[PDB]
K.L.:
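Could you have a look at this structure, given as structure tokens, before my questions?
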Protein chains: 2
Amino acid sequence: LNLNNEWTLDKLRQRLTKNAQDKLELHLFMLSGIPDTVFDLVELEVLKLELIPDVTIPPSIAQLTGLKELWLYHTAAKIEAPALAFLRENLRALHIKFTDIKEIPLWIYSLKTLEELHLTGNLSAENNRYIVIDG
Amino acid sequence: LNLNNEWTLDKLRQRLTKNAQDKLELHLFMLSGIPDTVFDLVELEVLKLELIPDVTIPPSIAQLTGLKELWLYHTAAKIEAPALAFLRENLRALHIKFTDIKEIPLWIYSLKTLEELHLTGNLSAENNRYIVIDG
């Protein structure tokens, strides 16, 4: 509530940017969570989340019918089945920048419409090569 | 009254939309009433009200010199003479979506410049066919 109040519902629209790939993006960093005002920005195509702890994706993400990219940079995420199915059906690319496995959402391998996967970080550990990517 | 404290020219401005016919529109739903700050958005041309109870049209509507359309979806509306006269002289279309007669404003038939009327709902009652439209 305090976050959504201090970062007003609409100031966000002035803050949006159409990026180099001609996709409308929003970039967020270092917040305590996701403002609920985000999911009224129906024009979105690329969401970037940077260094946000303990995130759970709410079902209102199904409102963002045009979303094509999600970037999770050091932002662990959990999710339930309706939002999860929406993302299963409505996503082209996924970018992840991680410190270790705990910042890798396990649900990604249950996805079906993905066209790009981008992992940034060391995928290997001592004597355990590529266990992380068996799926 | 405290609704008129938050929505503002600036806030509502970013939320506005220019529609397919190059008409500035605002769509609102499921609020407690009409913010008075709405009527300082002097460029507005279409007003939409959806599922808002117990609405009364205030006189500040005379500030919207460019209004051409009003859409009343399940919203009965009271009004007094000044706002009524402004609307008599400055309106082209009226859309109504209703469940029954209680959501039909009685004053619409005293209008004179209307060019379109759109009614969604049963226009008849038991043993009273088309009494709703005699006027």
Side-chain angles (χ1 to χ4, degrees), chain A residues 1-19 23-98 101-119 135, chain B residues 3 6-7 11-12 14-17 26-32 48-53 73-74 97:
Chain A
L1 197 135
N2 77 27
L3 193 143
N4 299 12
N5 274 121
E6 51 114 345
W7 229 239
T8 4
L9 225 177
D10 257 11
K11 118 221 263 112
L12 293 171
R13 291 180 185 277
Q14 211 177 356
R15 186 62 55 81
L16 292 168
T17 302
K18 185 181 286 293
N19 64 7
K23 292 185 179 181
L24 184 64
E25 73 181 7
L26 178 62
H27 190 194
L28 294 172
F29 62 94
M30 296 178 69
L31 295 174
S32 67
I34 296 169
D36 291 328
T37 58
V38 174
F39 295 100
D40 292 332
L41 297 171
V42 299
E43 296 292 326
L44 185 62
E45 290 183 354
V46 180
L47 184 63
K48 300 181 192 187
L49 297 171
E50 182 181 2
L51 294 173
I52 297 167
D54 296 332
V55 179
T56 302
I57 296 166
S60 65
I61 192 164
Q63 292 181 353
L64 298 172
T65 61
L67 183 63
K68 298 293 186 184
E69 305 185 355
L70 182 62
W71 295 9
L72 295 174
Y73 289 168
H74 297 288
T75 299
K78 293 182 180 180
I79 187 165
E80 291 294 328
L84 179 59
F86 180 81
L87 297 172
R88 284 174 185 181
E89 294 178 353
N90 297 115
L91 185 64
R92 295 288 185 274
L94 181 64
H95 295 72
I96 299 165
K97 186 177 185 293
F98 66 96
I101 191 67
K102 267 72 73 174
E103 294 176 353
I104 303 300
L106 296 169
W107 53 272
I108 61 172
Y109 293 109
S110 67
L111 290 170
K112 62 186 185 178
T113 57
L114 187 66
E115 292 185 352
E116 301 175 354
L117 184 61
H118 291 274
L119 296 174
Chain B
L3 167 41
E6 336 102 352
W7 272 118
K11 235 243 138 216
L12 284 154
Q14 328 174 237
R15 184 62 56 82
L16 293 165
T17 302
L26 181 62
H27 189 195
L28 295 171
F29 65 93
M30 294 180 69
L31 295 174
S32 66
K48 299 178 180 72
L49 297 172
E50 185 176 0
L51 294 170
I52 298 168
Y73 292 162
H74 295 290
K97 186 177 186 293

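Side chains are part of it too, since the values below use all heavy atoms of this structure and drop only hydrogens, waters and symmetry mates. First the proteins, then the strands, lettered A, B, ... as listed; each starts at 1.
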K.L.:
Within a reach of under 6.0 Å around NZ of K11(A), are more than 12 heavy atoms found that belong to other residues, nucleotides or ligands?
P.N.:
yes
K.L.:
Is it the case that atom NZ in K48(B) sees more than 12 heavy atoms from other parts of the structure closer than 6.0 Å?
P.N.:
yes
K.L.:
Grab the two heavy atoms, one from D10(A) and one from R15(B), that are nearest each other, plus how far apart they are.
P.N.:
OD1-NH2, 2.8 Å
K.L.:
For the residue pair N4(A) and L1(A), establish whether any side-chain heavy-atom pair is separated by less than 4.5 Å.
P.N.:
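In short, these two side chains do not touch, never coming nearer than 4.5 Å.
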K.L.:
Would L26(A) and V46(A) count as a side chain to side chain contact (heavy atoms under 4.5 Å, CB included) if you check the C-alpha gap in whole Å, the side-chain angles of each, and the deciding distance to 0.1 Å?
P.N.:
CA-CA 6 Å; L26(A) 178 62; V46(A) 180; over 6 Å; no
K.L.:
Can you confirm whether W71(A) is buried at CH2, in the sense that more than 12 heavy atoms of other residues, nucleotides or ligands lie under 6.0 Å from that atom?
P.N.:
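Yes.
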K.L.:
Other residues, nucleotides and ligands only: do more than 12 of their heavy atoms fall within 6.0 Å of CG on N5(A)?
P.N.:
yes
K.L.:
Taking the side chain as everything from C-beta on, heavy atoms only, tell me whether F39(A) gets closer than 4.5 Å to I34(A).
P.N.:
yes
K.L.:
Can you find a pair of side-chain heavy atoms, one from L12(A) and one from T8(A), that are under 4.5 Å apart?
P.N.:
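Answer no - side chains too far apart.
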K.L.:
I'd like to know whether CD of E80(A) has more than 12 heavy-atom contacts from other residues, nucleotides or ligands below 6.0 angstrom.
P.N.:
no
K.L.:
Apply side-chain hydrogen bond (donor to acceptor under 3.5 Å, both in side chains) to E50(B) and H74(B), showing your working.
P.N.:
CA-CA 6 Å; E50(B) 185 176 0; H74(B) 295 290; over 6 Å; no
K.L.:
Would you find more than 12 non-hydrogen atoms of other residues, nucleotides or ligands less than 6.0 Å from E116(A) atom CD?
P.N.:
yes
K.L.:
Would you check if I79(A) and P105(A) make a side-chain contact, meaning some heavy-atom pair closer than 4.5 Å?
P.N.:
no
K.L.:
Quick one: side-chain contact (heavy atoms from CB on, under 4.5 Å) partners of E43(A), sequence neighbours excluded?
P.N.:
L24(A)
K.L.:
Would you say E25(A) and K18(A) make side-chain contact, with heavy atoms under 4.5 Å?
P.N.:
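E25(A) vs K18(A): side chains apart.
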K.L.:
Just to verify, what does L31(A) make a side-chain contact (heavy atoms from CB on, under 4.5 Å) with, not counting sequence neighbours?
P.N.:
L3(A), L28(A), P35(A), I52(A)
K.L.:
Report yes if some heavy atom in the side chain of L51(B) is under 4.5 Å from a heavy atom in the side chain of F29(B); otherwise report no.
P.N.:
no
K.L.:
Below 4.5 Å, heavy atoms only, C-beta onward: do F86(A) and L91(A) meet side chain to side chain?
P.N.:
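Side-chain contact under 4.5 Å: no.
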K.L.:
Could you pull out every donor-acceptor pair under 3.5 Å between side chains of residues 56-66 of chain A and any protein atom, sequence neighbours left out?
P.N.:
none

K.L.:
Quick one: does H95(A)'s side chain get under 4.5 Å of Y73(A)'s, heavy atoms only?
P.N.:
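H95(A) vs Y73(A): side chains touch.
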